[PDB]
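Protein chains in written order, with PDB author numbering: chain G, 274 to 372; chain J, 104 to 218, 225 to 387, 506 to 537, 542 to 562; chain A, 104 to 218, 225 to 387, 506 to 537, 542 to 562; chain D, 522 to 537, 542 to 562; chain L, 54 to 92; chain C, 54 to 92; chain B, 6 to 149.
Read through the structure below, which is laid out as structure tokens, and then see the notes.
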Ligand SMILES: [Ca+2]
Ligand SMILES: [Ca+2]
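Structure representation (structure tokens):
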């Protein structure tokens, strides 16, 4: 929300190589934010002014980390719950043979 | 003193099913306001943002301008700061330095625009998202997980930035004079080749700049694999570090529950032994009932303070070891 | 000998709040220099890089040309090498082989350009980033984590490169003769289809080459999922491996603290027992004070050598087990 | 016999990730010294 | 920009769900005693 | 290339923060005894 | 205990070279230096940091008497010295040889003299073998 507003302030009036303006509104700059925060990088909207490329660099690294976080989090969490079912499923086998 | 302390517990570090409403609702009002503000730049939905939005902003700064003074006046219920000179160190708390900047700067921008003016309202309307998340309970997690893992983060950022500084210079030497399919030169300067380095080292791959000469594609391949690994490293590092700190808070939060229920048993067992000496006789005939009555409640609370652990199957290294010492101890 | 050893500890493996300044400041000077060097290729900011930058480079090589000789002369304070013939194995240390190449090669390039010339200064000005990170404490971590995990890395790189060699050949067979939307043929050769394989196996996706025939899109889908997994594997592998080696250094670094405080207690307790026999009488009247005095300081240091562990809640498998043996042992 | 004694102590003391005694540091000794009493 | 209000509304609404979950967590919290844990 | 100095300055400055943190770590280090640990 | 609680106070204020009730931590850095120690001021301030439980630095024995009234021989400080052998133990049993005990005695912490460390393991190696057991030492340290 923050750093995809500074890009729009840096790129509110600047045209492409083909005569159109990319960052026309805030929603265009936010489509860009979601797209570049999840590392898609379609390539429809690239900031052309050299102020906006610096902000895109900073926000790129410092938010690609925090959006790539839940993959590792749920990857530990899924392999720790099936091992917590293969404890109680063995403990359900142990009781009638200890009876 | 009652009222001031109640108001502190209500506005800061809040608790109770209605404080939630208040705070989250102030936040949802901020969110509606910022939504209309960002829709005021679509050039086709700009008619919706009329002057009533501006007066809904001036009543909003009217609300926050007394909200800050309420939280300032209700700050003297703290042992860390008292009075008026002590309360300045309450305004060292950076959420309050952010909030003061928000309310006074938005008031100053609204005054000059009422006697690029509306553009400054967007930044000081984005900033009001941060000040309703109280207690800073999120940044304290990240600022400690990064500090615990400072060695590996500094190591992989140094190696990745060294690979980016080095191998995005060889591409520029391999592509200093070569044109695109459309008549322009991509890698004109070093900064173009470095924009490329950051972009291809974080696996974005926009596609504005691709090396055309076949020397540069080999270097791009090598540096691609051997630095995509070192820039994808901190995701896994902080992913372990975040799930290891919340489990280190759910140890001490259970250990803070165990202690008053390991106090309520001993302090009541001494009471149950003190039946000899605390008409003064039939008043002592009733206390032997209650000192045996509440002792069993304390006994239930102590067994409920250790048996529910939390990830509750963590006895899987010491299954028989907790019993194999005690049965030896009984012999 | 004092001076030479002091200079060694100062230039190499340095310590103390001022050595930091010296080293990091030399590094920041290198960084300003490389910044101006890479701005000398923007074709619009090229006026800033005048000849005073070249003379700031020749005074820089003047500074490093005596810095290397200072670190060479201050090398004889080491047990590994002495004198002049021994010091050649000090120049086997690859940071010094890098530094010698830097200073002599930059001097040689500056001599011929003073009697593509300025272009060689950029590489030998990028190389001076590496030589101020002393001790090689970063590459020793990575070169051991890769060596510990050699099996899984070799396995997944073999499977991923086999999938890349195989399935980026079927795309070329499916797309050998097919034109783009703009009149060119993308997959002309095998190397074009392999550039595509590396690019799409590391999830870049530039977009210069997309398979157009509907046979090739299916193969691209299959090989996309089933090799993106095996190329995203080493991030998680090295992410575990880096956070497991720093915790294996914070074991032995605490165990190096525990030993001199487990020596200072026993060596002082023997001193406290040796009160019988070390006017010679009142001099022995004072030593019984000090042998009981410093023993308590050693006792505090030994309990501060084991109770602060480090991730300090690691007693969560053996909570009652450290006490349930001792209370059995007292019976 | 002494060569075999050296080989058996070289068969258990080099473990492998060789600092895995960090849950049972004093527990391997606190049973044996109890066992000697 | 025909349906371009939708993007803004959706991103702001995901942010709102996350912040609301944070506030529920802090309110449904149990105690706020700063220094009473190891004593 | 209007504001094109900014990109170079920013990337080089992030590298500088990382290398400075490395140097602080090595200086604020405690000892440099090579072979004195297991003896 | 009745015969030692009087003449000990003559040695208690003996460091100040006066009659004041002062442990004289500022003058202890001269008294111990006159005895032949000469420590640093950091270790000197660390002495009364844990020796004097009051907290001033010079005392009329609240803890200077309690330093004397801590025999360091009961079961509250007999296992903490027994843990100091366990940091040096290899393969259990308290294997510690005379060569290894001399190796650790003359090298680490606060070192002994050679005339002290040469005869320190003498009564703990009465059998003459390569195992100075800790139980044979703390039995000698039982009266310490
Ligand atoms: Ca005095
Ligand atoms: Ca005192």
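For every residue, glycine included, the Cβ atom is placed at its ideal position computed from N, Cα and C.
(1) Just reading off the alpha helix (DSSP H) that residue 80 of chain L is part of, what are its end residues?
(2) Go ahead and pull the three-state DSSP assignment for residue 206 of chain J.
(3) What residues in the segment 324–355 of chain G bring their beta carbon closer than 8 Å to a beta carbon of chain C?
(4) Within the continuous alpha helix (DSSP H) that includes residue 278 of chain G, where are the two ends?
(5) Can you tell me whether residue 164 of chain A is helix, strand or coil according to DSSP?
(6) Since residue 316 of chain G meets chain A, which of its residues come closer than 8 Å, beta carbon to beta carbon?
(7) Check whether chain J comes within 9 Å of residue 360 of chain G, counting only Cβ atoms and requiring the distance to be less than that.
(8) Do residue 266 of chain J and residue 80 of chain C come within 9 Å of each other at the CB atom, strictly closer than that value?
(9) Would you check if the segment 118–126 of chain B and the segment 75–92 of chain B touch, i.e. whether three or more CB-CB distances between them fall below 8 Å?
(10) On the three-pair Cβ rule with 8 Å, is the segment 109–119 of chain B touching the segment 366–379 of chain A?
(11) Under the criterion of a Cβ to heavy atom distance below 8 Å, does residue 67 of chain B qualify as lining ligand 2?
(12) Would you mind stating whether residue 547 of chain D and residue 96 of chain B have Cβ atoms separated by less than 9 Å?
(13) Throw me the rounded Cβ distance for the residue 330 of chain G and residue 60 of chain C pair, which I believe falls under 8 Å.
(14) Three Cβ pairs or more, each shorter than 8 Å: is that satisfied between the segment 327–345 of chain J and the segment 377–387 of chain J?
(15) Measure the beta-carbon distance from residue 524 of chain J to residue 241 of chain J and round it to whole angstroms, keeping in mind my assumption that it falls under 8 Å.
(16) Quick one, which residues of the segment 61–74 of chain C are near chain G if we go by CB-CB under 9 Å, in chain order?
(17) Output, in chain order, the set of chain C residues within a Cβ distance shorter than 9 Å of residue 322 of chain G.
(18) If I'm right that residue 87 of chain B touches residue 143 of chain B with Cβ under 8 Å, what's the distance once you round it to whole angstroms?
(19) By the DSSP assignment, the alpha helix (DSSP H) with residue 30 of chain B in it spans what residues?
(20) Following the continuous alpha helix (DSSP H) through residue 70 of chain B, name the residue where it begins and the one where it ends.
(21) Terminal residues of the continuous alpha helix (DSSP H) containing residue 365 of chain G?
(22) Give a yes or no on whether 9 Å exceeds the smallest Cβ distance from residue 357 of chain J to chain G.
(23) From the beta carbon of residue 280 of chain G, is the nearest beta carbon of chain L less than 9 Å away?
(24) Helix, strand or coil for residue 355 of chain G, going by three-state DSSP, please let me know.
(25) Say whether the segment 118–133 of chain A touches the segment 195–203 of chain A, bearing in mind that this needs 3 or more beta-carbon pairs closer than 8 Å, one atom from each stretch.
(26) Give me the Cα-Cα distance between residue 316 of chain J and residue 354 of chain J, rounded to the nearest whole angstrom.
(27) Closer than 8 Å: is that where the CB of residue 57 of chain B sits relative to any heavy atom of ligand 2?
(28) Which residues in chain A sit within 8 Å of residue 16 of chain B, going by Cβ to Cβ distance?
(29) Buried or exposed for residue 164 of chain J, going by 16 or more other Cβ atoms inside 10 Å?
(30) Using CA atoms only, rank isn't needed, just tell me which of J:337, J:227, J:351 is closest to residue 270 of chain J.
(31) What span of residues does the alpha helix (DSSP H) with residue 311 of chain J cover, start to end?
(32) Among the candidates A:262, A:264, A:268, A:303, whose CA atom is the shortest distance from the CA of residue 282 of chain A?
(33) I need the straight-line Cα distance from residue 339 of chain J to residue 358 of chain J, nearest angstrom please.
(34) Since residue 188 of chain J is in the alpha helix (DSSP H), which residue starts that stretch and which ends it?
(35) So, are the CB atoms of residue 237 of chain A and residue 137 of chain A less than 9 Å apart?
(36) What is the residue span of the alpha helix (DSSP H) that residue 85 of chain B lies within?
To lay it out plainly:
(1) 58–80
(2) helix
(3) 324, 326, 327, 330, 331, 334
(4) 276–283
(5) helix
(6) 316
(7) yes
(8) no
(9) no
(10) yes
(11) yes
(12) no
(13) 7 Å
(14) no
(15) Actually they are not in contact, since the Cβ atoms of residue 524 of chain J and residue 241 of chain J sit about 41 Å apart, beyond 8 Å.
(16) 62, 63, 64, 67
(17) 55, 56
(18) 6 Å
(19) 30–40
(20) 69–73
(21) 358–371
(22) no
(23) no
(24) coil
(25) no
(26) 39 Å
(27) yes
(28) 512, 513, 516
(29) buried
(30) J:337
(31) Looking at the DSSP string, residue 311 of chain J is not in any alpha helix (DSSP H), and its letter there is neither H nor E.
(32) A:303
(33) 30 Å
(34) Counting along the chain, residue 188 of chain J falls outside any alpha helix (DSSP H), and DSSP gives it neither H nor E.
(35) yes
(36) 84–91
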